[PDB]
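Enquirer: Pasting an experimental structure with its sequence.
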Amino acid sequence: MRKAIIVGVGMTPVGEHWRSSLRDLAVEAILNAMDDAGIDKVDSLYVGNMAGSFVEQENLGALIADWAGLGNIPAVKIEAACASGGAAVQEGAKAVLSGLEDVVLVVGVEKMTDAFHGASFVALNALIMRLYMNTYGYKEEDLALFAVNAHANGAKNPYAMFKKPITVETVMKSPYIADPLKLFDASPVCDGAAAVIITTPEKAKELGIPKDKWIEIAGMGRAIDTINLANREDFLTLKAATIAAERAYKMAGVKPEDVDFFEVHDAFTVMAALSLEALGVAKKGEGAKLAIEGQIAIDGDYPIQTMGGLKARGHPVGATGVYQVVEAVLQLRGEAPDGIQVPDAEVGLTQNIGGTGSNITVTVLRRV
């Protein structure tokens with residue numbers, strides 16, 4: 001009958017950090033998260049990374065524990081493809097919820113500016129894009145609003161990689177990657193590191209962290225779907241998203257109408273729309289309609305991409321899931337950058353998609 005609360009969050013700017021190492025980014029996020037809680041030591045470490053790889057950087061937990069000076073603590077790496085970050089937080093909370101560890105650190109870190117499966121993935125998302133518009137009567141210009149929303153909300157975010165707003169012709173005149181899909185329909189590949197500190201409220205009071213910093217892990221859901229795309233029920237439905245979302249909603253006792261913002265996997269514009277359809281917010285075929293009707297703005301009914309999303313804050317795969325959770329915490333605490341603060345945030349949601357829908361994580365955070 002325990003409860004799980006995040007008491008510290010920290011992150012690095014997302015960008016092309018050519019001169020930085022995986023270490024510098026990781027330890028930065030960790031230290032900046034252990035001070036947000038005022039903490040000196042953690043009990044265990046969970047790591048998210050979907051490869052930066054010296055291969056010697058495949059024993060990542062022990063490296064990071066050494067680099068951040070945590071001690072001879074337990075540490076492991078969680079990986080669910082591009083949802084590892086999203087999953088590591090979940091595994092981290094289970095540790096505290098188990099009763100075996102009282103302060104748990106979760107760090108996501110990715111350096112893809114190193115210093116076949118991207119092309120195929122792009123072409124697949126693009127066939128999905130043609131399917132979505134042709135089926136539901138949408139146009140490219142409609143889905144472009146998802147990029148405009150992200151670039152707006154990232155323009156007010158010091159940590160984003162893309163900090164200037166844009167117009168729909170900015171995307172409609174970007175180079176095609178696919179014939180539906182363009183440069184600005186697609187999130188950037190980049191570096192970054194984010195970190196979260198999870199505890200139980202008893203140890204939290206024992207350590208003197210004010211209840212003003214506590215954000216509760218209220219709902220957790222994670223599900224797989226088939227890797228074989230010829231055995232999927234529908235291409236315009238992400239089934240793992242729905243299953244995980246249902247589990248997390250039931251666990252937290254909320255409904256989609258109760259939650260005030262959604263950090264979704266807007267790795268491509270089609271995925272933001274499909275994510276909203278699958279998370280319960282919109283009906284099948286009406287995911288992009290919210291974008292046309294503007295309801296995805298900060299002040300809107302269904303704010304998404306609240307600090308830039310994946311398209312503007314950036315997609316450092318495997319820290320993305322941790323970034324989605326730190327920003328949600330910062331939106332639930334009131335400590336959100338000026339210009340992007342969801343008005344009166346009590347419940348927030350986060351969604352990390354790995355593979356083609358093969359492993360999806362949903363988490364529901366509540367204020368306490």
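Expert: Happy to help now that I have it. Residues are numbered from 1 along each chain as shown.
Enquirer: As a check, name the ranges of all helices in the stretch 51-200 of the chain.
Expert: 60-67, 84-98, 119-136, 140-155, 168-172 (DSSP state H, counting those that start in this stretch).
Enquirer: Ok, which of the ones you listed comes nearest residue 274?
Expert: helix 119-136 (7.2 Å; CB to CB). For every residue, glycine as well, the C-beta is placed using N, CA and C.
Enquirer: moving C-terminal of the strand or helix carrying residue 29, what's the next helix or strand?
Expert: Taking DSSP states H and E as the definition, residue 29 sits inside helix 22-36. Downstream of helix 22-36, the next assigned helix or strand under DSSP H and E is strand 44-48.
Enquirer: tilt between the helix holding residue 29 and helix 60-67?
Expert: Taking axes from the mean of the first three to the mean of the last three CA atoms, to 10 degrees, one finds that helix 22-36 is oriented at 70 degrees with respect to helix 60-67.
Enquirer: What residues of helix 22-36 count as buried?
Expert: Of the residues in helix 22-36, 22-30, 32-34, 36 count as buried by neighbour count, 16 or more other CB atoms under 10 Å.
Enquirer: Check which helices and strands it sits against.
Expert: Here helix 22-36 touches strand 5-11, helix 60-67, strand 103-110, strand 192-199, going by 3 or more CB pairs under 8 Å, 6 or more residues apart in numbering; DSSP states H and E.
Enquirer: Looking at those, which is nearest to residue 223?
Expert: strand 103-110 (20.0 Å).
Enquirer: Pull up the pairing partners for that closest one, direction included.
Expert: Sheet pairing for strand 103-110, assigned by DSSP bridges, gives strand 44-48 (parallel), strand 192-199 (antiparallel).
Enquirer: which one of those has the most crowded surroundings?
Expert: Highest mean neighbour count of the strands paired with strand 103-110: strand 192-199, a mean of 31 (counted as mean count of other CB atoms under 10 Å).
Enquirer: how about this structure, which residue sits the furthest from its center?
Expert: When distances to the mean C-alpha position of the chain are computed (CA atoms, centre = their mean), the maximum falls on residue 206, with 30.1 Å.
Enquirer: ok, now how distant is that residue from residue 39?
Expert: 12 Å (CB to CB, to the nearest Å).
Enquirer: Likewise for residue 322?
Expert: 17 Å.
Enquirer: beta partners for the residue nearest to residue 87 when sequence neighbours are not counted?
Expert: If the residues on either side of it in the chain are set aside, residue 87 comes closest to residue 80, at 4.2 Å by CB to CB, 6 or more residues apart in numbering. Taking DSSP bridges as the rule, residue 80 bridges to residue 82.
Enquirer: Pretty sure residue 80 sits against residue 353.
Expert: No - counting by CB atoms under 8 Å, residue 353 is not a contact partner of residue 80; they are 9.8 Å apart.
Enquirer: before we move on, the earlier item: could you work out which of the helices of the stretch 51-200 of the chain reaches nearest to residue 330?
Expert: Nearest of the helices of the stretch 51-200 of the chain to residue 330, taken as CB to CB: helix 140-155 at 12.8 Å.
Enquirer: For residue 217, which three-state class applies?
Expert: Residue 217 falls in the strand class when you classify it by DSSP: H, G, I helix; E, B strand; the rest coil.
Enquirer: ok so, going back, could I get the helices and strands packed on helix 22-36 as CSV with distance to residue 347?
Expert: Output for the helices and strands packed on helix 22-36, formatted as CSV (distance: least, CB to CB, whole Å):
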stretch, distance to residue 347
strand 5-11, 14
helix 60-67, 31
strand 103-110, 21
strand 192-199, 18
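Enquirer: list the contacts for the nearest residue to residue 114 once chain neighbours are set aside?
Expert: Distances taken as CB to CB, 6+ apart place residue 52 nearest to residue 114, at 6.5 Å, with adjacent residues excluded. Residue 52 makes contact with 22, 109-112, 114, 191 under the criterion CB atoms under 8 Å, 6 or more residues apart in numbering.
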